[PDB]
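Read on for two forms of one protein chain; each stands alone as structure tokens, with the labels structure 1 and structure 2.
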Structure 1
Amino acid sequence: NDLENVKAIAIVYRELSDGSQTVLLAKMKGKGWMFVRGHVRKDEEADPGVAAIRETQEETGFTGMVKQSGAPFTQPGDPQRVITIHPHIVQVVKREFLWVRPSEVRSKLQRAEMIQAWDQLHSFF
């Protein structure tokens, strides 16, 4: 269902109450940082912005709206592989965040207080 060599990048930001903006960066847990990226589906070929919005929600949980679409650019893979990237600005501070499957939460907790909260409520999941 994905186009193998066509990707979308979402530069995700939000406006704060004091009128300023902040930009979301990501990395795979475990280079520096990156924006949101994903393959464009075949049924998204005609509007890659739809892919940028879908990927933003998949990765972050926020629903977004394309504010600007940049010109496509090409990058190598296999150096013969040519990937076409469609970049977009997508509008949706102190802490770093991470989404985790429930079976992996306990291994991330090191504080007694957090472990106690999880011990009382984990059977919801």
Structure 2
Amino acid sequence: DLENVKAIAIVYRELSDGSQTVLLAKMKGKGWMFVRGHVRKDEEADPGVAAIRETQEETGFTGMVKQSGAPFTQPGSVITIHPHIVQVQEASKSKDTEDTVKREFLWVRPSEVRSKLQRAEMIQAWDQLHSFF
């Protein structure tokens, strides 16, 4: 892992009427979040690969990157974050995803997303990319 490079994936599904629904997550027990994880050294040339991998590991869904936003920087608890919009399309077949981490999930309409975000990092990712919806 690159310790100071992260990928965010704003995960959505395309609906039959041309609207979208966005997946939010929370570690039950600071609001809601998108998919987030470290970019591996072998993904540094295309952090969108990390976004798809993290989406599979967290949700059991796979799909494609629809938009890669500009990287942004955040202070450490500097982190460079690469935000993406990921359309999930099919179930993941990845062996790694046979055991996932327990997580709370919520599908919402795009109009519901911003009020569910409390952390600067997710607000920045949404601010850069929400016009896709």
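All residue numbers here refer to structure 1's sequence, counted from 1. C-alpha atoms forming the largest set that superposes within 1.5 Å between two forms make up the rigid core. Shifts are known only where both forms have a C-alpha.
- Of the candidates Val100, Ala46, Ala71, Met65, the Cα that moves 2 angstroms or more after core superposition between structures 1 and 2 belongs to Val100 alone.
- Comparing the forms between structures 1 and 2 on their rigid core, the Cα displacement of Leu25 stays under 2 Å.
- Once the rigid core is matched between structures 1 and 2, the CA atom of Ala112 is found 42.0 Å away.
- Superposition on the rigid core leaves 17-19, 93-125 as the runs of at least three consecutive shared residues whose Cα positions differ by 2 Å or more between structures 1 and 2.
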